[PDB]
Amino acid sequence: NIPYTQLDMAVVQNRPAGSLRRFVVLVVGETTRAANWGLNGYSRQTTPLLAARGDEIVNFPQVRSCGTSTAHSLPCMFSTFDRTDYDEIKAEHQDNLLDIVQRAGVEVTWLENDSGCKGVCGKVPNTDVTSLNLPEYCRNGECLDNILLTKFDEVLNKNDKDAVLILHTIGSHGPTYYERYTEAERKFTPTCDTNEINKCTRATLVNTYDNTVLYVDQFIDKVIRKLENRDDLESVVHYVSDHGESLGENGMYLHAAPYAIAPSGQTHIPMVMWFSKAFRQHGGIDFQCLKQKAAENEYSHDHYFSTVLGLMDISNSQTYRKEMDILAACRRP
């Protein structure tokens, strides 16, 4: 019974003349938390493939989520609203980040493997891959995230337009944490190989969760592998989780704790970025500047909206905020 507000009706892309195609992948993580992320100095190396890439990967050790649950964080991070002003009803009744990006002429595709896109993806091309139920990847109606990679090349090769591809993963979601990885990532043992996580010790729970992080690491790595040798493409891979998780600290499990009293495990989330050779050469970013800002500054889901607009060279936007675009402070005139 309330009015919908279309936003940013003037947007266009303003790519430099003669530009290469720009292809951006937004990996939307799930449940993975900052405190168990190798690149953040966690005592275990849960991110070996990203770590081995050294400064090719920009890591952000101080990032906070908008919510402690998926249905809160996803619409909030894709909305113009910052956490402190976010309102579910207001956000549902206006254009979101992807509606605006698509209007600007960018090819947006959403690939879903996490039980639903929470109303964010309906107006752009979207496919839920979980129903494929491939025996290689899937059991009990959930699938290992690598299933998303089976549909990646089709999006990459669809046409020559600049693109934003969202890969919405199941990541570290519990209580079936054991389903989130394979034998190749089962490095921390013993494990809790049941949904009844109360029947496991919290040490074995942490082990199992850390193995899920190894799978996140290899997933991001495989996405980078699809793009890093495409010298004719300016590609960016951005990863951020939706929220963290509690692993029995003070008797707290799972997530969705009320934001104000939520433990740091649920609000402090990992975020990384990777940039292709052509992007680094032509994209205008000062990478030493960026490395320093990533290390020193606190960021949040609030930065997501304008960072993504900035990655597509979207001009004539009223919703864009240069101060909330992570890269703008390091972007050359």
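One rule holds for the numbers: they count along the sequence shown, beginning at 1.
Visitor: Tell me which stretch, 221-229 or 124-132, has the higher mean Cα B-factor listed in the entry.
Guide: According to the PDB entry, the answer is 124-132.
Visitor: Quick check on the record: does 315-323 or 15-23 carry the larger mean Cα temperature factor?
Guide: It is 15-23 that shows the higher mean C-alpha B-factor.
Visitor: Highest Cα B-factor in the PDB entry belongs to which of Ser79, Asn146, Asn211, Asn157?
Guide: In the PDB entry, the greatest C-alpha B-factor among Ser79, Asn146, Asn211, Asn157 is found at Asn157.
Visitor: Name the one of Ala256, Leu74, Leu111, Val108 with the greatest CA B-factor according to the PDB entry.
Guide: Largest recorded C-alpha B-factor: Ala256.
Visitor: Sorting the chain's CA B-factors, does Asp162 end up in the lowest, middle or highest third?
Guide: Its C-alpha B-factor belongs to the middle third of this chain's values.
Visitor: Which third of the chain does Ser235 land in by C-alpha B-factor: lowest, middle or highest?
Guide: Its C-alpha B-factor belongs to the lowest third of this chain's values.
Visitor: Lowest, middle or highest third: where is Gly284 by Cα B-factor in its chain?
Guide: According to the entry, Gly284 has a C-alpha B-factor in the chain's highest third.
Visitor: Should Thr307 be placed in the lowest, middle or highest third of its chain by the C-alpha B factor in the entry?
Guide: Tercile = lowest for this residue's CA B-factor.
Visitor: Using the B-factor values recorded in the entry, state whether the Cα atom of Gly116 falls in the lowest, middle or highest third among the modelled residues of its chain.
Guide: As the PDB entry reports it, the C-alpha B-factor of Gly116 lands in the lowest third of its chain.
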